[PDB]
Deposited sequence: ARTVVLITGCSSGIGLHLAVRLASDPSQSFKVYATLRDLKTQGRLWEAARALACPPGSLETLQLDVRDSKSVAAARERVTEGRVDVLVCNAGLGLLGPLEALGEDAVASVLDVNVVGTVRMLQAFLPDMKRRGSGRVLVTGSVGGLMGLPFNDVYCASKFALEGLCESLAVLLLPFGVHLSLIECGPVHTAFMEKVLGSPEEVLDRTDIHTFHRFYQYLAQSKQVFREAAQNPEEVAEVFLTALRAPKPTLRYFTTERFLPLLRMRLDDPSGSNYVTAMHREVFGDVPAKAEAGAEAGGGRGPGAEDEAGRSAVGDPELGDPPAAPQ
């Protein structure tokens, strides 16, 4: 059909739910280009697709390695309909642990994909949307991209980066009638070694790691959302006459987010979050 969509990172989590959520819309108004990094993972996508009976030729597989400029280029050209009416920037990675234990090569990887990779999609897909004078860009945000979480230093870094990349472009894009919004997600219902962590860290840091790993499992269980609810914000947003900049899947997180805003110097939030995690 019509709305030509190109989603990134669809081999699990939200991206996958998303493609199928759209591919199979009752109105049959979306064509979908679910992009996988590693093609030999199209399995799940297709299974779930077959389960909802998405009409044939409404979902398509494309491989796309965001850490590489040519792939982004190639992917762009396979969009036969010749436009990408809605672009959903979703590839993202994560990283847990005491900074000192994280390997350089890992940190590099996390920003290349999360940050740089996002920009590369934007580069290739912005122009024609400026050209045509219309289109929609959707970026998967997170609560970690609005406030720092102990032991997630680099993921948060990488999640704030997109917050800044997307708020700047907002201002400029305004008059072009090209839209960009971020979907502020939280825990969604989606699934290092102590020898190695401990090896590379001071035991007191390690005691706190453990302590934190213990606190998030709790938080997950009670705050975590049904993937089908997270994906529904996406469509709520790609259907607003004039969408906002941020869409928040949950509101649970607004209170800590507010008291972070009242005291810019930070000692309030740093303190509340500190005990909120430890004691």
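Novice: Should a student be asked to find the unmodelled regions, what ranges of the deposited sequence would be the right answer here?
Specialist: Several regions go unmodelled: 192-197, 286-327.
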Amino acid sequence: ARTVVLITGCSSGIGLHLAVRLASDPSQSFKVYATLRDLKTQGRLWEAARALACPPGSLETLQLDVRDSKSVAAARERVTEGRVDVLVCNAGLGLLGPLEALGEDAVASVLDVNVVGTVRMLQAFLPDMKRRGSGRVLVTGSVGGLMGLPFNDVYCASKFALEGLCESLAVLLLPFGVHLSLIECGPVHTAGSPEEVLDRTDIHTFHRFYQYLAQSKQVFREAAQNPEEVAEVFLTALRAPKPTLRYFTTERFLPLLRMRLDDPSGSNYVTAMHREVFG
From here on, numbers count along this sequence of modelled residues.
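Novice: Taking the recorded C-alpha temperature factors, which stretch has the higher mean, 135-143 or 204-212?
Specialist: Per the deposited B-factors, the answer is 204-212.
Novice: Of the two stretches 144-152 and 87-95, which shows the higher Cα B-factor on average in the entry?
Specialist: It is 87-95.
Novice: Between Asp199, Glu184, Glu100, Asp105, which one tops the list for Cα B-factor in this entry?
Specialist: In the PDB entry, the greatest C-alpha B-factor among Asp199, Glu184, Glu100, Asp105 is found at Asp199.
Novice: Checking the record values for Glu222, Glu228, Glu60, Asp38, which has the greatest CA B factor?
Specialist: Highest CA B-factor of the listed options: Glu222.
Novice: Pull the Cα B-factor of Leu126 out of the PDB entry and bin it into the chain's lowest, middle or highest third.
Specialist: According to the entry, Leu126 has a C-alpha B-factor in the chain's middle third.
Novice: Place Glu47 in the lowest, middle or highest third of its chain's C-alpha B-factors, as listed in the PDB entry.
Specialist: It falls in the middle third of the chain.
Novice: Among the modelled residues of its chain, does the C-alpha B-factor of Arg120 lie in the lowest, middle or highest third?
Specialist: For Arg120, whose C-alpha B-factor we compare with every modelled residue in the chain, the answer is the lowest third.
Novice: Should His179 be placed in the lowest, middle or highest third of its chain by the C-alpha B factor in the entry?
Specialist: Its C-alpha B-factor belongs to the middle third of this chain's values.
Novice: Determine, from the deposited record, the chain-internal third of the Cα B-factor for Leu22: lowest, middle or highest.
Specialist: Tercile = lowest for this residue's CA B-factor.
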